[PDB]
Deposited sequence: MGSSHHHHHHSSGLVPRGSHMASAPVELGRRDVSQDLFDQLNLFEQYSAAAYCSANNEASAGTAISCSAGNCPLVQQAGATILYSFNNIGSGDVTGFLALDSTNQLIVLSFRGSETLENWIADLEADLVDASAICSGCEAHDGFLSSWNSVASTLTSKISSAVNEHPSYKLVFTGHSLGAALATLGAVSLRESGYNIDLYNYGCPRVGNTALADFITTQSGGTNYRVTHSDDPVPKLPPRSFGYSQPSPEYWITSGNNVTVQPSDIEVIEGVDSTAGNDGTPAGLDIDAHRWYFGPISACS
């Protein structure tokens, strides 16, 4: 209802970034190589001239993705990849840890993050000292999506202006953490959901988990081209509308589809 064309194109661009995080060619690639996607999984960034600044594969959980520069759109993107074995990853997905360093407490996710955190923050600082006029964006899909969200909420403690673009992100922490992510003056947050996606539903909210807002929920089905008319914004934090309002189930093909097959390049 309330979404523009250029913002829709930005959402598609960052979902294609998250999809390029799946390409094994873009992972562990030598710095300086351009971003390429098998089966045109990301032609909007592949034709945007994004250069790989760093590519990481298996560090810490399975932290995999790339930090890249985009001078056509003038921004530095840190995109995390989900899980190579996503169906084995959704099975053991519900422990909670004490994450009062941001507080209120988060979920494995923060484990892998704080494992890669010092090195990735050093590289991010170098990249943003390179181009101080570029926007810092963290993004990802599924597991990586979580690694993106926390990955931002732990770097806004410093004077970092970070925009977040998660696709099919699970729940990371309590309701206080959702409120903190919702109310933060260090950049805007774009949480994207799609249909009967069981990944934003898990871990269950009964067990203390909660997801922040706004929720950008697309009404399009699986394996179907999407239009901005199908995208609705949801304002209530931890709202039973959109994805969380969809009934229980395991529509994994709905999690496979986010503006295109986001997980099909590994």
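Positions of the deposited sequence absent from the coordinates, in order: 1-30, 91, 125, 136-137, 142.
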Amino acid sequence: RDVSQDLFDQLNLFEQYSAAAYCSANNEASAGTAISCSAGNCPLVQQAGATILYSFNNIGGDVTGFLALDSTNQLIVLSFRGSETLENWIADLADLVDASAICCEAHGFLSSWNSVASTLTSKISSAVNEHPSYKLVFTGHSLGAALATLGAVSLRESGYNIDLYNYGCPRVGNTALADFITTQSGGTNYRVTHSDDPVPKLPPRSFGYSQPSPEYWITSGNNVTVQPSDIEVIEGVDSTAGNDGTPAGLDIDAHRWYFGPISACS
From here on, numbers count along this sequence of modelled residues.
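Of the two segments examined, 170-178 and 76-84, it is 170-178 that shows the higher average Cα temperature factor in the deposited entry. Per the PDB record, of the two stretches 108-116 and 133-141, 108-116 carries the greater mean B-factor over its C-alpha atoms. If you compare the C-alpha temperature factors of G40, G32, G65, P200 in the entry, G40 comes out highest. For the set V97, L147, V192, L164, the maximum C-alpha B-factor listed in the entry falls on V97. In this PDB entry, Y216 carries a Cα temperature factor that places it within the lowest third of its chain's modelled residues. Placement of the Cα temperature factor of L44 within the chain: middle third of the modelled residues, per the deposited record. The PDB entry assigns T121 a C-alpha temperature factor belonging to the middle third of its chain's modelled residues. When the modelled residues of the chain are ordered by C-alpha B-factor, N26 sits in the middle third. When the modelled residues of the chain are ordered by C-alpha B-factor, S158 sits in the highest third.
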